[PDB]
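Here you get one chain, nothing else, as structure tokens; it is the form deposited in one PDB entry.
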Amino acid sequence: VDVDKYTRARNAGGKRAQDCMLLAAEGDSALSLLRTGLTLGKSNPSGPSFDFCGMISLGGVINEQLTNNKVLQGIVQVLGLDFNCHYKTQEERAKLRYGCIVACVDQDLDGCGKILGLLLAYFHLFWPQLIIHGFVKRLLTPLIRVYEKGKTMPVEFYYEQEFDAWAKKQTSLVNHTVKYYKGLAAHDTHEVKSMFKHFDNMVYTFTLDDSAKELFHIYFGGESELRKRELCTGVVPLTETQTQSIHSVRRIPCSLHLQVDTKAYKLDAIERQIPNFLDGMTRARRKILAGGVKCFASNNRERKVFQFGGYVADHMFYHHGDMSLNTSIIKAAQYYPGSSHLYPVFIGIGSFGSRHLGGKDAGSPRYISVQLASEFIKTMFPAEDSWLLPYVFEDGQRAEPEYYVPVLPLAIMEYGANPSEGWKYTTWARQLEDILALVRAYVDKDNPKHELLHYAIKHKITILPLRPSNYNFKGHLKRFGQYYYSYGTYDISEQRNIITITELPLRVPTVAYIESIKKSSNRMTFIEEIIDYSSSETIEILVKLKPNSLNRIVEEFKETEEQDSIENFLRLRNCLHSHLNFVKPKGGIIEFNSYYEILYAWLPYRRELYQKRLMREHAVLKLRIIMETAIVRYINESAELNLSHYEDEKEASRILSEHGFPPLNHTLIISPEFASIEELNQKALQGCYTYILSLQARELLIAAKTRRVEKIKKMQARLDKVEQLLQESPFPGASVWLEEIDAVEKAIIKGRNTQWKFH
């Protein structure tokens, strides 16, 4: 009759059992917070205590197998729950040892949504009436606290959207400190006391409606086509009306929790394994790329992998562990035949691995240095449109972007595979020449197939070919039926009775291949020994045969038309199966039938980004021209017309306000940031004033005025060119796209002439 990590309430199971509540803590950290709150003593006389309140741990807890869960068995035992009986009446519910169960879990993705979702699913499966009658409850701790200097009482928000609405109408949010509490352990000692002072206010009840029954069957108890539609749309956050309705009665519908908290957890797991089709990288790889750009921007100096990994964790908010971070960093710099990256983000300094072990023979991160490939990165990922991309915010801090939009589709140009046994994803890189022809035809108006390609977009004609890349592959790519096959190369020495394997299939490691041949009993009866004399980045495997075994091979493998007998005796061919699964930029899962669809879907995103880049540049140039013209006009209208003897902020302001000097916002026009065109327009015009008078005396000289006037002419010439670019026949920024394609191609050619070293 014992349960681990369970503290019995004093009144539990007695006459006052219905007044007792069971706190289901997520883990040990949650238990410590509950123990502190439940034992405040005389400091919180009205707060909960160990009277009418108990604790139990939900550690682990991760259908016949469902009943074997030891953690869930303890919850049933302590609550007095009985199977085969439905708690449809109050008198039957009075037999339970506790009045209700309250789940105290973190408000993160690996919190409510997974631990709480399973608890709701477990109760719904066996005792639906308990959820209907409010037996299952949730402790809704504050998510965001805003602290202002001079005030000891913060402003607490239970949802992200609540803070966004409040911050929008809070004018300048400079004197306020914003803290995010995604886990129960994030609360300070004084914050815990405040939460338990109003403990009853943060207890929320779960309600079961008609829509929740279908949702429970989809998310839980089902791993089939039913879940596909739910995960193909993304997470829709709760609206303001829904949030206010929840707080009005402190009742949370089960459907709303599943649609938001549970779905987001499901999508997060997939996003860690499935890349986005816009750039073909997962969120973990984005932080490495975004961190790599930031780390090596000031100086492109060699850094150790573990040293660079610390930079990514410190700056890009990477908290999944250095073991996965260092491995991903190493994979981002590996360059060998059959490597995942045909165009590595980083430059590999040292032994980063080899094709023989499939990159598993990489050196230790302590001795292995890394360096950013500046030439390739600065062209494939332009820095001028990086401000335009949406950015992931981690606890209110800017992190790696939501997605990258490279000049060429990287989801097609690289080899991709997910080691995890779930949501299969395999991508075979298409050759650069085919991809360049398609993109150039789409953008260049003078291309002979420019009109034909645009016609083929709406009808999926696919006039131009897309073929697997044969770079760093001295084999054969043959298309039989609807699948491509990569064939290895072998040499036969009749006099020496030795078969030499000079090439393996496209992505077959040497060590794994030898094991597959060696473990085949039927094939090994013709082989006495296998010797691997292969060099780095080349295959040379000597297969020694029995004295009279070469002849016997041809009558046992039948000499298939598609596969040679030696190519059948030795597994020298493989099928290039593609599982084109990707995550949409807005959220969800998208399925692509062909590599053309991925390229066709990526084109609009890059097309509008060029228009967005020019439109924002046009807005910035107009603001800069106005500011510089006013500064130049100020020199011509200097102390000779209005002196600066006033030397006061208000007093200098009105004297020229009649003249007509605009109160433009400095530090924003000179240095734009991640600000949209609409956001820039309001802040620039309706901002501060102090951009004049703050200049030194030498700027008023005739020589100093000349450079400012010349600067205006330079910006005016640029402004006229931007207008011409916005009016191009195919779409705005078509010529800019073509120029950047050539720059990317030159960087790739330069990186291919060397071993992706560039120096």
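Here the rigid core means the biggest group of C-alpha atoms that line up within 1.5 Å when the two forms are laid on top of each other. Numbering starts at 1 and runs along the sequence shown.
- In the record comparison, residue 51 is modelled in each of the other entries of this protein that model the residues flanking it, with no third of them omitting it.
- Compared with other deposited structures of the same protein, residue 61 meets the criterion of being unmodelled in at least one third of those that resolve residues on both sides.
- Going from residue 62 to residue 63, the model skips 10 or more deposited residues, which lack coordinates.
Not on display, but discussed next: the form deposited with a small molecule bound.
- For the options 725, 61, 55, 38, the residue carrying a heavy atom within 4.5 angstroms of the small molecule in the deposited complex is 61.
- Proximity to the small molecule in the deposited complex, taken as a non-hydrogen atom within 4.5 angstroms, holds for one residue of 713, 698, 70, 707, which is 70.
- The stretch among 286-294, 147-155, 449-457, 70-78 whose residues place heavy atoms within 4.5 Å of the small molecule in the deposited complex is 70-78.
- Residue showing a CA shift of 2 Å or more between this form and the one not shown (rigid core superposed; candidates 239, 682, 299, 667): 239.
- Comparing the forms between this form and the one not shown on their rigid core, the Cα displacement of residue 383 stays under 2 Å.
- Put the two forms on the same core and the Cα of residue 739 is off by less than 2 Å between this form and the one not shown.
- Superposed on the core, the two forms differ at residue 73: its CA moves 2 Å or more between this form and the one not shown.
- Here's the thing about residue 313 and residue 29: their CA atoms end up at least 3 Å closer in the deposited complex than they are in this form.
- Figure legend: C-alpha atoms of residue 325 and residue 185, shown here, are separated by at least 3 angstroms less in the deposited complex.
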